[PDB]
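Trainee: Pasting work.txt below, which is compact mmCIF, N, CA and C atoms.
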# COMPACT_ATOMS: atom_id res chain seq x y z
N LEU Z 1 -3.85 -9.84 10.05
CA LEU Z 1 -2.54 -9.25 9.59
C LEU Z 1 -2.54 -7.63 9.32
N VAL Z 2 -1.75 -7.04 8.38
CA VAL Z 2 -1.52 -5.53 8.00
C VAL Z 2 -2.66 -4.29 8.04
N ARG Z 3 -2.30 -2.95 8.00
CA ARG Z 3 -3.23 -1.71 8.17
C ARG Z 3 -2.91 -0.30 7.54
N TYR Z 4 -2.72 -0.13 6.24
CA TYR Z 4 -2.50 1.22 5.67
C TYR Z 4 -3.65 1.57 4.73
N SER B 1 -9.02 -6.71 -0.49
CA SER B 1 -8.73 -7.05 0.94
C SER B 1 -7.22 -6.96 1.19
N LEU B 2 -6.84 -6.66 2.42
CA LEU B 2 -5.44 -6.70 2.84
C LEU B 2 -4.66 -7.92 2.35
N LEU B 3 -5.25 -9.11 2.42
CA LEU B 3 -4.55 -10.31 1.96
C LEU B 3 -4.31 -10.28 0.46
N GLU B 4 -5.31 -9.82 -0.30
CA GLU B 4 -5.17 -9.72 -1.75
C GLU B 4 -4.11 -8.68 -2.08
N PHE B 5 -4.13 -7.56 -1.38
CA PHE B 5 -3.14 -6.51 -1.58
C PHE B 5 -1.75 -7.12 -1.34
N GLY B 6 -1.60 -7.91 -0.28
CA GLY B 6 -0.33 -8.52 0.03
C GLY B 6 0.16 -9.45 -1.07
N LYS B 7 -0.74 -10.24 -1.65
CA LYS B 7 -0.38 -11.13 -2.76
C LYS B 7 0.02 -10.28 -3.98
N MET B 8 -0.70 -9.20 -4.23
CA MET B 8 -0.37 -8.29 -5.32
C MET B 8 1.03 -7.68 -5.15
N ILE B 9 1.34 -7.26 -3.93
CA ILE B 9 2.65 -6.71 -3.61
C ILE B 9 3.76 -7.73 -3.87
N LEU B 10 3.56 -8.96 -3.42
CA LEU B 10 4.55 -10.02 -3.62
C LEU B 10 4.73 -10.29 -5.12
N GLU B 11 3.63 -10.39 -5.86
CA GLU B 11 3.69 -10.60 -7.31
C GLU B 11 4.49 -9.53 -8.00
N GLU B 12 4.26 -8.30 -7.57
CA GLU B 12 4.86 -7.17 -8.23
C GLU B 12 6.34 -7.03 -7.90
N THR B 13 6.69 -7.16 -6.63
CA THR B 13 8.03 -6.84 -6.16
C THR B 13 8.93 -8.01 -5.78
N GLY B 14 8.36 -9.18 -5.51
CA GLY B 14 9.15 -10.31 -5.05
C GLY B 14 9.44 -10.21 -3.56
N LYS B 15 8.96 -9.07 -2.83
CA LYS B 15 9.03 -8.97 -1.37
C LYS B 15 7.69 -9.36 -0.75
N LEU B 16 7.76 -10.03 0.39
CA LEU B 16 6.57 -10.37 1.15
C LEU B 16 6.04 -9.10 1.80
N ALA B 17 4.73 -8.87 1.68
CA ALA B 17 4.12 -7.67 2.24
C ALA B 17 4.44 -7.57 3.73
N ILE B 18 4.26 -8.68 4.46
CA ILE B 18 4.74 -8.82 5.83
C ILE B 18 6.02 -9.65 5.68
N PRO B 19 7.20 -9.16 6.04
CA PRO B 19 7.45 -7.89 6.73
C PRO B 19 7.98 -6.72 5.93
N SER B 20 8.09 -6.81 4.61
CA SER B 20 8.75 -5.73 3.87
C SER B 20 7.99 -4.41 3.82
N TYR B 21 6.67 -4.46 3.87
CA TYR B 21 5.88 -3.24 3.71
C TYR B 21 4.93 -2.98 4.89
N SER B 22 4.98 -3.81 5.93
CA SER B 22 3.88 -3.84 6.90
C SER B 22 4.15 -2.89 8.04
N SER B 23 5.39 -2.44 8.11
CA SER B 23 5.85 -1.57 9.18
C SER B 23 6.94 -0.60 8.70
N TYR B 24 6.87 -0.23 7.44
CA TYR B 24 7.91 0.55 6.79
C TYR B 24 7.65 2.04 6.88
N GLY B 25 8.63 2.79 7.36
CA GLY B 25 8.51 4.23 7.42
C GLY B 25 7.36 4.69 8.28
N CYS B 26 6.80 5.83 7.90
CA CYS B 26 5.74 6.47 8.65
C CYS B 26 4.34 6.08 8.20
N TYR B 27 4.20 5.55 6.99
CA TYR B 27 2.87 5.27 6.44
C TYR B 27 2.56 3.84 6.05
N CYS B 28 3.54 2.96 6.08
CA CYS B 28 3.32 1.66 5.46
C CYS B 28 2.85 0.72 6.52
N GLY B 29 1.64 0.23 6.35
CA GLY B 29 1.06 -0.76 7.23
C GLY B 29 0.45 -0.16 8.47
N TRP B 30 0.73 1.12 8.71
CA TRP B 30 0.28 1.77 9.94
C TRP B 30 0.40 3.33 9.91
N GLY B 31 0.32 3.91 8.70
CA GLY B 31 -0.39 5.18 8.43
C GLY B 31 -0.52 6.27 9.48
N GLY B 32 0.02 7.47 9.59
CA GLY B 32 -0.85 8.47 10.22
C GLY B 32 -0.33 9.88 10.20
N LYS B 33 0.95 10.00 10.50
CA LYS B 33 1.58 11.29 10.66
C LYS B 33 3.03 11.23 10.22
N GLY B 34 3.64 12.39 10.05
CA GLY B 34 5.04 12.49 9.68
C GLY B 34 5.28 12.77 8.22
N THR B 35 6.50 13.17 7.91
CA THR B 35 6.91 13.31 6.53
C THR B 35 7.35 11.92 6.07
N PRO B 36 6.77 11.40 4.99
CA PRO B 36 7.18 10.08 4.50
C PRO B 36 8.69 10.03 4.32
N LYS B 37 9.30 8.91 4.65
CA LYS B 37 10.75 8.81 4.69
C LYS B 37 11.44 8.75 3.35
N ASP B 38 10.75 8.24 2.34
CA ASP B 38 11.33 8.04 1.02
C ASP B 38 10.19 7.76 0.04
N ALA B 39 10.53 7.46 -1.20
CA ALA B 39 9.51 7.24 -2.22
C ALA B 39 8.58 6.07 -1.89
N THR B 40 9.13 4.98 -1.38
CA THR B 40 8.31 3.83 -1.00
C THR B 40 7.29 4.24 0.06
N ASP B 41 7.75 4.98 1.07
CA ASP B 41 6.84 5.47 2.10
C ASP B 41 5.77 6.39 1.49
N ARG B 42 6.14 7.16 0.47
CA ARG B 42 5.17 8.02 -0.20
C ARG B 42 4.11 7.18 -0.92
N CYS B 43 4.50 6.01 -1.43
CA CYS B 43 3.51 5.10 -2.01
C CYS B 43 2.44 4.79 -0.97
N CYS B 44 2.87 4.53 0.25
CA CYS B 44 1.96 4.21 1.33
C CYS B 44 1.13 5.41 1.75
N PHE B 45 1.74 6.59 1.78
CA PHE B 45 1.01 7.81 2.09
C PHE B 45 -0.16 7.99 1.12
N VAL B 46 0.13 7.89 -0.17
CA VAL B 46 -0.87 8.06 -1.20
C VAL B 46 -1.94 6.96 -1.14
N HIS B 47 -1.51 5.73 -0.85
CA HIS B 47 -2.42 4.61 -0.70
C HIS B 47 -3.37 4.85 0.47
N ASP B 48 -2.84 5.36 1.57
CA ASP B 48 -3.68 5.73 2.71
C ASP B 48 -4.70 6.79 2.30
N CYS B 49 -4.26 7.81 1.58
CA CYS B 49 -5.16 8.83 1.07
C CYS B 49 -6.23 8.23 0.16
N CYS B 50 -5.81 7.28 -0.67
CA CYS B 50 -6.69 6.63 -1.62
C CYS B 50 -7.81 5.90 -0.88
N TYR B 51 -7.46 5.15 0.16
CA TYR B 51 -8.45 4.49 1.00
C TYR B 51 -9.30 5.54 1.72
N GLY B 52 -8.68 6.66 2.09
CA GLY B 52 -9.36 7.76 2.78
C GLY B 52 -10.44 8.39 1.90
N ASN B 53 -10.27 8.30 0.59
CA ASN B 53 -11.26 8.76 -0.37
C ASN B 53 -12.55 7.89 -0.30
N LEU B 54 -12.49 6.75 0.40
CA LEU B 54 -13.57 5.75 0.39
C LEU B 54 -14.09 5.43 1.79
N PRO B 55 -14.62 6.43 2.49
CA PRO B 55 -15.00 6.25 3.90
C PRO B 55 -16.10 5.22 4.14
N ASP B 56 -16.91 4.93 3.01
CA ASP B 56 -18.02 4.00 3.19
C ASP B 56 -17.71 2.67 2.52
N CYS B 57 -16.35 2.41 2.27
CA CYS B 57 -15.86 1.12 1.80
C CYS B 57 -15.01 0.52 2.90
N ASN B 58 -14.68 -0.80 2.80
CA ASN B 58 -13.97 -1.53 3.83
C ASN B 58 -12.83 -2.29 3.17
N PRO B 59 -11.75 -1.57 2.85
CA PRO B 59 -10.63 -2.14 2.09
C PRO B 59 -9.85 -3.25 2.77
N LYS B 60 -9.91 -3.35 4.09
CA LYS B 60 -9.19 -4.42 4.76
C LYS B 60 -9.80 -5.79 4.43
N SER B 61 -11.13 -5.85 4.33
CA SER B 61 -11.82 -7.13 4.18
C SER B 61 -12.52 -7.38 2.85
N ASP B 62 -12.94 -6.32 2.16
CA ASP B 62 -13.71 -6.48 0.94
C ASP B 62 -12.79 -6.99 -0.16
N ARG B 63 -13.19 -8.08 -0.80
CA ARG B 63 -12.40 -8.71 -1.86
C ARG B 63 -12.78 -8.22 -3.25
N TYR B 64 -11.78 -7.99 -4.08
CA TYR B 64 -12.01 -7.61 -5.47
C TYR B 64 -11.34 -8.66 -6.35
N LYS B 65 -11.66 -8.67 -7.63
CA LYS B 65 -11.00 -9.56 -8.57
C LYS B 65 -10.18 -8.74 -9.56
N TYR B 66 -9.04 -9.29 -9.95
CA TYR B 66 -8.22 -8.66 -10.97
C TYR B 66 -7.52 -9.74 -11.75
N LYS B 67 -7.02 -9.38 -12.93
CA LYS B 67 -6.28 -10.30 -13.76
C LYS B 67 -5.04 -9.58 -14.27
N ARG B 68 -4.13 -10.34 -14.87
CA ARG B 68 -2.95 -9.80 -15.51
C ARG B 68 -3.13 -9.86 -17.04
N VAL B 69 -2.92 -8.74 -17.74
CA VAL B 69 -2.92 -8.73 -19.21
C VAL B 69 -1.41 -8.47 -19.53
N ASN B 70 -0.70 -9.56 -19.88
CA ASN B 70 0.78 -9.67 -19.82
C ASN B 70 1.57 -8.84 -18.85
N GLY B 71 1.45 -8.98 -17.55
CA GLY B 71 2.22 -8.03 -16.76
C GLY B 71 1.29 -7.02 -16.11
N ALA B 72 0.41 -6.41 -16.91
CA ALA B 72 -0.44 -5.33 -16.40
C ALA B 72 -1.60 -5.82 -15.54
N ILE B 73 -1.84 -5.12 -14.44
CA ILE B 73 -2.96 -5.42 -13.57
C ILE B 73 -4.23 -4.79 -14.14
N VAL B 74 -5.27 -5.60 -14.28
CA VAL B 74 -6.56 -5.11 -14.74
C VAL B 74 -7.62 -5.47 -13.71
N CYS B 75 -8.15 -4.45 -13.03
CA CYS B 75 -9.20 -4.65 -12.06
C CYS B 75 -10.48 -5.04 -12.79
N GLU B 76 -11.11 -6.13 -12.36
CA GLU B 76 -12.34 -6.62 -12.97
C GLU B 76 -13.52 -5.98 -12.23
N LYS B 77 -14.67 -5.91 -12.88
CA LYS B 77 -15.81 -5.19 -12.32
C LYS B 77 -16.51 -5.97 -11.22
N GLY B 78 -16.56 -5.36 -9.98
CA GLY B 78 -17.30 -5.83 -8.84
C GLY B 78 -18.24 -4.72 -8.41
N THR B 79 -18.40 -4.56 -7.10
CA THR B 79 -19.18 -3.45 -6.58
C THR B 79 -18.36 -2.17 -6.77
N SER B 80 -18.97 -1.00 -6.62
CA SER B 80 -18.25 0.26 -6.75
C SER B 80 -17.08 0.30 -5.76
N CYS B 81 -17.33 -0.10 -4.52
CA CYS B 81 -16.27 -0.11 -3.52
C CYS B 81 -15.13 -1.02 -3.96
N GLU B 82 -15.44 -2.22 -4.43
CA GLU B 82 -14.42 -3.16 -4.84
C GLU B 82 -13.57 -2.59 -5.97
N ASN B 83 -14.21 -1.95 -6.94
CA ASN B 83 -13.48 -1.38 -8.07
C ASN B 83 -12.50 -0.31 -7.60
N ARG B 84 -12.96 0.54 -6.70
CA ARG B 84 -12.15 1.67 -6.24
C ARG B 84 -11.03 1.19 -5.33
N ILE B 85 -11.32 0.22 -4.48
CA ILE B 85 -10.28 -0.37 -3.65
C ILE B 85 -9.21 -1.01 -4.54
N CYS B 86 -9.62 -1.77 -5.55
CA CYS B 86 -8.67 -2.41 -6.45
C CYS B 86 -7.76 -1.36 -7.10
N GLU B 87 -8.32 -0.26 -7.56
CA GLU B 87 -7.51 0.78 -8.21
C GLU B 87 -6.50 1.38 -7.23
N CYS B 88 -6.88 1.53 -5.97
CA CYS B 88 -5.94 2.02 -4.97
C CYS B 88 -4.79 1.05 -4.77
N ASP B 89 -5.10 -0.24 -4.67
CA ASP B 89 -4.09 -1.26 -4.42
C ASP B 89 -3.17 -1.41 -5.62
N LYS B 90 -3.76 -1.44 -6.82
CA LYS B 90 -3.00 -1.52 -8.07
C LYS B 90 -1.97 -0.39 -8.13
N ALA B 91 -2.40 0.83 -7.85
CA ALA B 91 -1.50 1.97 -7.90
C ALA B 91 -0.35 1.78 -6.91
N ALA B 92 -0.66 1.36 -5.69
CA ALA B 92 0.37 1.18 -4.68
C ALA B 92 1.37 0.10 -5.08
N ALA B 93 0.88 -1.02 -5.62
CA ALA B 93 1.77 -2.10 -6.03
C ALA B 93 2.71 -1.64 -7.15
N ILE B 94 2.18 -0.92 -8.12
CA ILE B 94 2.99 -0.34 -9.18
C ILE B 94 3.99 0.65 -8.59
N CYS B 95 3.54 1.46 -7.65
CA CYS B 95 4.41 2.44 -7.01
C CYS B 95 5.56 1.74 -6.28
N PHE B 96 5.27 0.66 -5.57
CA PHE B 96 6.32 -0.08 -4.88
C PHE B 96 7.34 -0.60 -5.89
N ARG B 97 6.87 -1.15 -7.00
CA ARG B 97 7.74 -1.64 -8.06
C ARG B 97 8.61 -0.52 -8.63
N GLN B 98 8.02 0.65 -8.86
CA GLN B 98 8.72 1.78 -9.43
C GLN B 98 9.79 2.32 -8.49
N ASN B 99 9.68 2.02 -7.20
CA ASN B 99 10.60 2.57 -6.21
C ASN B 99 11.44 1.53 -5.46
N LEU B 100 11.45 0.30 -5.96
CA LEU B 100 12.27 -0.75 -5.35
C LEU B 100 13.74 -0.34 -5.32
N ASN B 101 14.14 0.46 -6.29
CA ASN B 101 15.53 0.87 -6.42
C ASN B 101 16.01 1.72 -5.26
N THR B 102 15.10 2.28 -4.47
CA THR B 102 15.51 3.07 -3.30
C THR B 102 14.97 2.49 -2.00
N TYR B 103 14.34 1.32 -2.05
CA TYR B 103 13.79 0.70 -0.86
C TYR B 103 14.96 0.53 0.12
N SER B 104 14.76 0.88 1.39
CA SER B 104 15.83 0.76 2.39
C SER B 104 15.36 -0.01 3.62
N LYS B 105 16.04 -1.11 3.93
CA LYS B 105 15.68 -1.94 5.08
C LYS B 105 15.73 -1.16 6.41
N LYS B 106 16.48 -0.07 6.47
CA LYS B 106 16.57 0.71 7.71
C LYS B 106 15.23 1.34 8.10
N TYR B 107 14.27 1.38 7.17
CA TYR B 107 12.94 1.93 7.48
C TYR B 107 11.94 0.88 7.93
N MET B 108 12.33 -0.40 7.95
CA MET B 108 11.46 -1.44 8.50
C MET B 108 11.38 -1.27 10.03
N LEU B 109 10.19 -1.45 10.60
CA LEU B 109 9.97 -1.28 12.05
C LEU B 109 10.34 0.13 12.48
N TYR B 110 10.07 1.11 11.62
CA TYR B 110 10.43 2.49 11.91
C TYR B 110 9.62 2.96 13.12
N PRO B 111 10.27 3.52 14.13
CA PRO B 111 9.58 3.96 15.35
C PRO B 111 8.63 5.15 15.17
N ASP B 112 7.46 5.05 15.78
CA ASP B 112 6.43 6.08 15.69
C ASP B 112 6.93 7.49 15.99
N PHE B 113 7.83 7.62 17.09
CA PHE B 113 8.08 8.99 17.53
C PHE B 113 8.84 9.81 16.48
N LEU B 114 9.41 9.14 15.48
CA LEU B 114 10.13 9.81 14.39
C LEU B 114 9.19 10.24 13.28
N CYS B 115 7.89 10.02 13.49
CA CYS B 115 6.88 10.37 12.51
C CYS B 115 5.97 11.40 13.14
N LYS B 116 6.23 12.67 12.85
CA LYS B 116 5.49 13.74 13.49
C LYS B 116 4.96 14.70 12.44
N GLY B 117 3.75 15.19 12.66
CA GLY B 117 3.20 16.21 11.79
C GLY B 117 2.19 15.63 10.84
N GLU B 118 1.18 16.42 10.53
CA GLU B 118 0.16 15.97 9.62
C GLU B 118 0.52 16.52 8.24
N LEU B 119 0.35 15.68 7.23
CA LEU B 119 0.62 16.04 5.85
C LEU B 119 -0.72 15.83 5.17
N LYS B 120 -1.24 16.86 4.53
CA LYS B 120 -2.57 16.78 3.93
C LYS B 120 -2.54 15.98 2.64
N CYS B 121 -3.57 15.09 2.36
CA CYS B 121 -3.72 14.36 1.11
C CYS B 121 -3.98 15.28 -0.07
What does this structure look like when you write it as structure tokens?

Mentor:
Amino acid sequence: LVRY
Amino acid sequence: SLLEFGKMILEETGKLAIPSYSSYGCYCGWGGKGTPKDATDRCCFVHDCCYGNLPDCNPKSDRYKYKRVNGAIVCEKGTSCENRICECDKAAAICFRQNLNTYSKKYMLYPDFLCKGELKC
């Protein structure tokens, strides 16, 4: 899933 | 870890990390360039910087533990990396909560080409  | 951060975000804001924060503005979920679009995007900018402070940690996968002391997030002691990652995530979750009042759905799936320029941490 997500990347920040 | 990303999954823990996502659960923290949901707890804090009542929005699902995917899709509310995973592709928002210029910095949320995919980080890199541009002037952040609004306060929520600035939360992500700072969170990116916070992770950037930890080049020898792995925030996507490394798990930390935390608890709630009535409402408040308290990072519990793990490895140095885990502690610092937790503090970054805690700050971002609080920041998202503090800026829910200006969150705008028009910044979801924000296109890359509208994010130009480097902004220093």

Trainee: Within 12 Å of residue 58 in chain B, counting only C-alpha atoms, which residues show up once you throw out same-chain ones fewer than 2 positions away? Write them as a PyMOL selection string, please.

Mentor: (chain Z and resi 3-4) or (chain B and resi 1-2+51-56+60-64+79-86)

Trainee: As a list in words, please: every residue in chain B that a backbone DSSP assignment puts in strand (DSSP E).

Mentor: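 Output for chain B, strand (DSSP E) only: residues 66, 67, 68, 69, 72, 73, 74 and 75 of chain B.
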
Trainee: Using all atoms listed in the file, tabulate the residues of chain B lying at most 6.5 Å from any atom of chain Z, each with its closest atom pair and that distance in Å to one decimal, by chain and increasing residue number, as a Markdown table.

Mentor:
| residue | atom | partner | partner_atom | distance |
| --- | --- | --- | --- | --- |
| B:2 | CA | Z:2 | C | 6.4 |
| B:22 | CA | Z:2 | CA | 5.8 |
| B:27 | C | Z:4 | CA | 5.7 |
| B:28 | C | Z:4 | CA | 5.4 |
| B:29 | C | Z:3 | C | 3.5 |
| B:30 | N | Z:3 | C | 4.1 |
| B:31 | N | Z:4 | CA | 4.9 |
| B:47 | C | Z:4 | C | 5.4 |
| B:48 | CA | Z:4 | C | 4.6 |

Trainee: Hey, can you spit out that residue selection with N, CA and C atoms as a compact mmCIF listing (two decimals), in the frame of the given file?

Mentor:
# COMPACT_ATOMS: atom_id res chain seq x y z
N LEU B 2 -6.84 -6.66 2.42
CA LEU B 2 -5.44 -6.70 2.84
C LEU B 2 -4.66 -7.92 2.35
N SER B 22 4.98 -3.81 5.93
CA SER B 22 3.88 -3.84 6.90
C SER B 22 4.15 -2.89 8.04
N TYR B 27 4.20 5.55 6.99
CA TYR B 27 2.87 5.27 6.44
C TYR B 27 2.56 3.84 6.05
N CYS B 28 3.54 2.96 6.08
CA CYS B 28 3.32 1.66 5.46
C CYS B 28 2.85 0.72 6.52
N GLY B 29 1.64 0.23 6.35
CA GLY B 29 1.06 -0.76 7.23
C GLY B 29 0.45 -0.16 8.47
N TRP B 30 0.73 1.12 8.71
CA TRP B 30 0.28 1.77 9.94
C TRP B 30 0.40 3.33 9.91
N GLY B 31 0.32 3.91 8.70
CA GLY B 31 -0.39 5.18 8.43
C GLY B 31 -0.52 6.27 9.48
N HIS B 47 -1.51 5.73 -0.85
CA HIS B 47 -2.42 4.61 -0.70
C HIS B 47 -3.37 4.85 0.47
N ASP B 48 -2.84 5.36 1.57
CA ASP B 48 -3.68 5.73 2.71
C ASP B 48 -4.70 6.79 2.30

Trainee: In Å, rounded to a single decimal, give me how far atom C of residue 100 in chain B is from atom N of residue 87 in chain B.

Mentor: 22.2 Å

Trainee: Once DSSP has gone over the backbone, tell me which residues of range 6-93 of chain B are in alpha helix (DSSP H), as a ChimeraX atom specification.

Mentor: /B:6-13,17-20,39-52,80-93

Trainee: For a test of reading the model, state the distance in Å between atom N of residue 11 in chain B and atom C of residue 110 in chain B, rounded to one decimal.

Mentor: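 For atom N of residue 11 in chain B relative to atom C of residue 110 in chain B, the distance reads 24.0 Å.
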